[PDB]
Each structure stands twice: as C-alpha cells, then as structure tokens.
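Peer 1: Quick one: the structure is below, and I'll ask about it shortly.
Protein chains: 2
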Amino acid sequence: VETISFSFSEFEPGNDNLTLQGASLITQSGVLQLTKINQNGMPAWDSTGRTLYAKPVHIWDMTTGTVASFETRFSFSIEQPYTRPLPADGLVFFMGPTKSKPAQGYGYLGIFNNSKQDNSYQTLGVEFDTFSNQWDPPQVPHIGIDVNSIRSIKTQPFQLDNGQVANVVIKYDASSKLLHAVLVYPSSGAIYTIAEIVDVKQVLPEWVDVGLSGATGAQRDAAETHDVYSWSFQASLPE
Amino acid sequence: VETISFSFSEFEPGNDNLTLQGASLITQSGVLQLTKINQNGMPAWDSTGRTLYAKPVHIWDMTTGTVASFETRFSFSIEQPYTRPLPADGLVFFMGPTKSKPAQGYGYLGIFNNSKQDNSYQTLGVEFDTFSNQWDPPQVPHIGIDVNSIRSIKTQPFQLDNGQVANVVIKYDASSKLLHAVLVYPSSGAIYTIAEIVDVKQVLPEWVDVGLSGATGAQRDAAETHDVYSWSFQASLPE
Ligand SMILES: OC[C@H]1O[C@@H](O[C@H]2[C@H](O)[C@@H](O)[C@H](O)O[C@@H]2CO)[C@H](O)[C@@H](O)[C@H]1O
Ligand SMILES: OC[C@H]1O[C@@H](O[C@H]2[C@H](O)[C@@H](O)[C@H](O)O[C@@H]2CO)[C@H](O)[C@@H](O)[C@H]1O
Ligand SMILES: [Ca+2]
Ligand SMILES: [Ca+2]
Ligand SMILES: [Mn+2]
Ligand SMILES: [Mn+2]
C-alpha cells in the first residue's frame, strides 16, 4: 500500500506544499481566498483562482491494475452580497493531469475550456455551482459530479446558507467504483448527499494533481466569495 | 409517479400511523424509546422494540419493472452509561415484508433470526451496531448495510458521542442502484459516510414496511439507550 495525506486545520502563508494559481491567496488569519476580494471587502467579478497540492498523487497503477481509494474533506463559505445581478460562478474540488494551469473561468470554474465532453480532459470534479448556465439544470446552487465535462453526469440542488461555513466530505471506494459526496451546514443542520459510479481507471491518468478552484462572473457584480478554511486529503493504492 | 411520505418533528403518543412493537414506547415529551428504560432512568438489558409506519410502501412494480427512489431521515441518541460490561446491541432502519413481527433480539437487532444469509428474509437494513459479534468486524460502533443477513456486506466504523444526538440521512437512487447513508454528530461536527450497490428489485418484495428497531444485550447491564427524536420518509415510484 503506498499512501499520501495532508491535513490543514488552517492555511499558512508561504507553505511549500501548496501551489497558488491565479487570484488564489492565503490571508495572515489563515484562510484561503480562491477569488479576489476588493479593498472595500467585497467580492470582485471576473476572477479565477486555484490551489493545488504540490505533490502529485498515485491514483492507480496500469501495471498491477489496482486503483486507489481516497477521501477529502474541506470547509468553505460562499457569500453573495449583491442584490443584483445574479451571483456566480462557484467552486470545485478537482483531480487531473499533473502540472496543470488554470483553464477557462466563469461557468467553466477554471478547470475546463468548453462545454464539450472531451475524454482528453482527464479531469474529475465535484462542483458547487452557483450560476445556471445553458448546460446546467435550472436550480442553483447545486452540487455536481463532473467527468471530463462541465455538464455534470449527476446533479443535486441545495440551499445556500449565505456567509455560513459548509463542511464537505468526498469519498471514493475503489471496490465499488463509487463516489459519494456530502455537504453539511452545521448552522442549520442541513445535509445534502450525491453519489454516482465513476471508473477512475477510465477517466484519470495514473498520477494526478488534487486541488480547489473558484471563479466569479463575467459581468460587474456577478460575484461572491469562495473562502476555504481547512482541507485534508488521503489516498491509498494497495500493491 | 405514486408517492408516500411522512415527517415527524417529534412523536405524539397514540398516533395511528405508527405501529409500536415490543418495548417500543413514546413519551409525553415526544421522544420514541425503542428499548426499555427503568424507573431509575437507566437502560434495561434483554430488551427489544420496533416501530413501523402503519402504511405499506410500494417500492417497486413487477409489471412495469420500475423501482422507487427513496430517502429517510431520523435523529437519535445512544447513551452507554455502564462501565462494564460492554454495551449492546444497537439500532437499525429497515425495510421488509409487510405485517412483520419482531425477530430475534441481541445481535440480530430484532430483524433477523440467525446469522445465515437467507434471501427468504427479503430485508434491507442500515445498522448502527454497538457490540461486536462473531460475524462483526472488530471495530464498534459501526454503520453497516445489511442485505438479507446480519453479516453486513459493507461496514464503516464511527466514533460514538455518548448521549449526543446524531443525524442520519439514508438515500437510494434507483437509476444507479446506489444506497448512500450519512451519520452526522452536530456537536462535534463529525461526518461518516457509507455507500454500496443494492438491487432493491432482487432483494425486497413489491410492497414493504419501513421501520426502526433497537435491542439491548443478553446479560445484565449490557445495555444502552436507543432514543429517536424525529423521523421522515419519502418514496417515489415512477409509472
Ligand atoms: O452574469 C454572470 C454569468 O455571465 C455569463 O456570461 C455572460 C456575460 O455576463 C454577459 O455580459 C454576456 O453578454 O454574455 C455572456 C454569455 O451569456 C457566464 O457565462 C456565466 O458563467 C456567469 O459568469
Ligand atoms: O453481552 C452482550 C452480548 O451478549 C451476547 O450473548 C452472550 C451472553 O451475554 C452470555 O452471557 C452467554 O454466555 O453467551 C452469549 C453468546 O456469546 C449477544 O449475542 C450479543 O449480541 C450481546 O447482546
Ligand atoms: Ca454554472
Ligand atoms: Ca452486533
Ligand atoms: Mn453545474
Ligand atoms: Mn454489525
């Protein structure tokens, strides 16, 4: 069994194991701000930011045919301060090719370039979508499981607790090829759950980068915050 | 689509839609006590109690070949007041043949008669096991998915927050034959999750009874409480 794991109760500026891209930034108070926040303390539009763990993770081995089981936990808060226009765009937990750079922003959440399903992406993502695009279901916000496409294969609407901290748990069992995610708002006690079959062996490359990505809207004030307070990850490749 | 749903924020004594069996009892304060509590306020051993919704639910149709998607939510607390011996036995959410009576107590949680896998049971259960029997994994308590057998096909250890209220969400997606359950302890913020493939069409009869069951140990003081504070259920059979 080879393993890998990190666990941040809070974030520390200048930490080497974290790669910040785009607007992504860590405050001295220990919080990770994926998207830009102005001097007046309010969310800026047309912003994209990502954070990747500096070490690649071995998700599966082509030689032995074994695939790893993994689990990730993080807590974040999304604040939508504007009355109008509609807020955007959301944040995602993703896995993909190592040494990747930010893709398209807005509805693409910084991890995709278009709305076409392209196995060439080799990207798996669990999104918390706050804006309804042409490819999205009517309800927002919604949790979505993205496999090589911004058009989720599965979707689950949820109630946003504006400014409140949400706890997320995403788990993958290699034995059943089952990916289950959970969203919990400690404040209200609300619980949301999504699950779906995902063959990691058919989607991702043997080695991947794990990260978080966030993005704000394409027009003035179509924004919200994407703050992350903690993040842990663990993977186990048997053989 | 035919549907059915109930939602109890609290329990009311004398409610007609609830069938109490065994020691099961509802207090005037609105709580459902599955297992007996003595005059000294402490849990009694050798106790078994169950509660079933008085109306059967159509889980699948053999004629159209359609299967229903369902979701159930309930909150409970288990208090293990004795230093010794080890506490037992746990509680379960189950689905099975309509008009059923309590089965064996103790490790069988009141829904099974033996440890043998018998498709004749036609019982599906999500257990919160507090005692480790010969057929259980070493770790207790643990969440377990039971399909026609007390020997879970899947298990997940969890940390008991003695006397604290736990929130549970069990969901079944007919499209993926996926059963995902979640346990959350609001107090500590702990989150546990289990998921597995279950073909309801192959396990349960077209019509079933949904209920909760609890049981205490086979020897003096091998007990704990099994209190339920709320319970809601919803099912949707398309066609
Ligand atoms: O408003 C946030 C929303 O914008 C979409 O892009 C719009 C853009 O805002 C609008 O000014 C222009 O005329 O058309 C674009 C396409 O409809 C983004 O695509 C969406 O993801 C959000 O960011
Ligand atoms: O102690 C709780 C535990 O008891 C098991 O049954 C025991 C019984 O307690 C003991 O006195 C007797 O000698 O042997 C039985 C079988 O090992 C139950 O099976 C278990 O579910 C718990 O209830
Ligand atoms: Ca979107
Ligand atoms: Ca047991
Ligand atoms: Mn979406
Ligand atoms: Mn068990």
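Chains as they are written, first to last, in the deposited numbering: chain A, 1 to 239; chain A', 1 to 239. A prime marks a further copy of an entry chain.
Ideal placement from N, C-alpha and C gives every residue a C-beta, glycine not left out.
1) Could you pull the start and end residues of the beta strand (DSSP E) that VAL140(A') belongs to?
2) Per DSSP, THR51(A') forms a beta bridge with which residues?
3) Can you name the residues that DSSP bridges to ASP227(A)?
4) Go through its chain and collect everything with a Cβ distance to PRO138(A')'s Cβ below 8 Å, but skip five positions before and after it.
5) Could you say which of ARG73(A), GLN122(A), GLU127(A), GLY65(A) lies nearest to residue 251(A) if we only look at CA atoms?
6) What first and last residue would you give for the alpha helix (DSSP H) that runs through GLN122(A)?
7) Using DSSP's beta-bridge definition, name the partner residues of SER236(A').
8) Which residues mark the beginning and the end of the alpha helix (DSSP H) in which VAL182(A) is found?
9) Should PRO141(A) be labelled buried (16 or more other beta-carbon atoms within 10 Å of its own) or exposed?
10) Residues in the same chain with beta-carbon distance under 6 Å from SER24(A), minus the five sequence neighbours each way, listed in chain order, please.
11) Using a beta-carbon distance below 7 Å, is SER176(A') in contact with chain A?
12) Going by C-alpha distance, which of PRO97(A), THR72(A), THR83(A), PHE6(A) is nearest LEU183(A)?
13) In chain order, what are the residues with a CB under 5 Å from some non-hydrogen atom of ligand 5?
14) Check whether the Cβ of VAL169(A') lies closer than 7 Å to any Cβ atom in chain A.
15) Could you check if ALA218(A) belongs to the surroundings of ligand 1, using beta carbon to heavy atom distance under 6 Å?
16) Are there 16 or more other CB atoms within 10 angstroms of the CB of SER9(A), so buried, or fewer, so exposed?
17) Based on Cα-Cα distance, which residue from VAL198(A), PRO43(A), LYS101(A) lies nearest to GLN21(A)?
18) Buried or exposed: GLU239(A'), going by 16 or more other Cβ atoms within 10 Å of its Cβ?
19) Is there a C-beta anywhere in chain A' that falls below 7 Å from the one on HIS142(A)?
Peer 2: Let me lay it out:
1) No beta strand (DSSP E) contains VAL140(A'), which DSSP labels as neither H nor E.
2) Answer is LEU20(A'), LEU212(A').
3) Partner(s): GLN33(A), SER77(A).
4) Excluding residues within five positions, the ones whose Cβ falls inside 8 Å are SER132.
5) In this structure chain A extends from 1 to 239, so residue 251(A) is not present and cannot be described.
6) Note, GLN122(A): premise wrong, no alpha helix (DSSP H); not H, not E.
7) BP columns for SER236(A') point to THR3(A'), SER69(A').
8) DSSP places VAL182(A) outside any alpha helix (DSSP H); the residue lies instead in the beta strand (DSSP E), whose first and last residues are 178-185.
9) Counting Cβ neighbours within 10 Å, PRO141(A) comes out buried, since at least 16 surround it.
10) The beta carbon of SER24(A) lies closer than 6 Å to those of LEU34, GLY49, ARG50, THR51 in the same chain, with the five residues before and after it left out.
11) Yes - at least one Cβ of chain A is within 7 Å of the one on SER176(A').
12) Ranking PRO97(A), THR72(A), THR83(A), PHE6(A) by CA distance to the CA of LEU183(A) puts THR72(A) first.
13) With the cut-off at 5 Å, the residues found are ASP129(A), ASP136(A), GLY144(A).
14) Closer than 7 Å to some Cβ of chain A, the Cβ of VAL169(A') qualifies, so yes.
15) At least one heavy atom of ligand 1 lies less than 6 Å from the C-beta of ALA218(A).
16) Per the 10 Å Cβ criterion, exposed.
17) Checked all of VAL198(A), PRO43(A), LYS101(A); the closest Cα to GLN21(A) is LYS101(A).
18) With fewer than 16 neighbouring CB atoms inside 10 Å of its own CB, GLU239(A') falls in the exposed class.
19) Not one chain A' Cβ lies under 7 Å of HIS142(A).
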